[PDB]
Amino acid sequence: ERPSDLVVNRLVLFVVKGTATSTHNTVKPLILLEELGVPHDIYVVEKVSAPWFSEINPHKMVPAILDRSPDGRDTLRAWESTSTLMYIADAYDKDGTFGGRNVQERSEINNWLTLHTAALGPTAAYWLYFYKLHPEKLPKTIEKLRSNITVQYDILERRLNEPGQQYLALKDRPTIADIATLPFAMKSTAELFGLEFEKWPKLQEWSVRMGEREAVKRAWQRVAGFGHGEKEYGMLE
């Protein structure tokens, strides 16, 4: 059984209480929702281990989405942060401004999106798990993961050093690839991993260029705030 305040009249984004370590994945769909101006509600999950929530996301994590299918026939769900980006793009990015307009664009967008999904994303998640959550401290494993993060920053830097390459996928404009990558490829996160972000100057420039976008600023301010307003948990107003 779902909670009584969980209703789907529009896209619902599931998040947890905003903290330094709880927003790096949930901010991704929120950025895209802000960029596209998609109507959405925010649901602050108290316990991701709750049975009702594993019905939405069997991986028991945020972000998750419930939305009405375009024809209204189904309650669609999206879970995994990359999958929330693909879903919002598919349902709402009519012009492929973030999703890609043609096969050529999508080919690079899916390359840089998947690189994050498969490499930087999971490495950073394992780095954080072993550094902070694992009952035993495994410093050899932690150091290898931190080393793998520098290799991923090395790839992103090489790409942003190519002529006219202002963004990861496309030269001209940011895509879901850029949105997926940003939270793990900015100064505060690099500082968390124990790295000096200035060592990747084009990547740092890119992070600032992205950070200056109004949608991204609005996303960061809101995700930090979720659960710390008049409502602690459940559907926000």
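Note that residue numbering follows the sequence shown and begins at 1.
Visitor: Could you check the entry and say whether 89-97 or 110-118 has the higher mean CA B-factor?
Guide: Between 89-97 and 110-118, it is 89-97.
Visitor: Could you check the entry and say whether 77-85 or 125-133 has the higher mean CA B-factor?
Guide: Higher mean C-alpha B-factor: 125-133.
Visitor: Lowest, middle or highest third: which one holds residue 171 when the chain's residues are ordered by CA B-factor from the entry?
Guide: Residue 171: CA B-factor falls in the highest third of its chain.
Visitor: Sorting by Cα B-factor within the chain, modelled residues only, which third would residue 201 end up in: lowest, middle or highest?
Guide: Highest third of the chain for residue 201's C-alpha B-factor.
Visitor: According to the PDB entry, is the CA B factor of residue 178 in the bottom, middle or top third of its chain, that is, lowest, middle or highest?
Guide: Lowest third.
Visitor: Which third, lowest, middle or highest, does the C-alpha temperature factor of residue 9 belong to within its own chain?
Guide: Tercile = highest for this residue's CA B-factor.
Visitor: If you rank the chain by CA B-factor, which third does residue 63 end up in: lowest, middle or highest?
Guide: Its C-alpha B-factor, which the entry lists for residue 63, ranks in the lowest third among residues of this chain.
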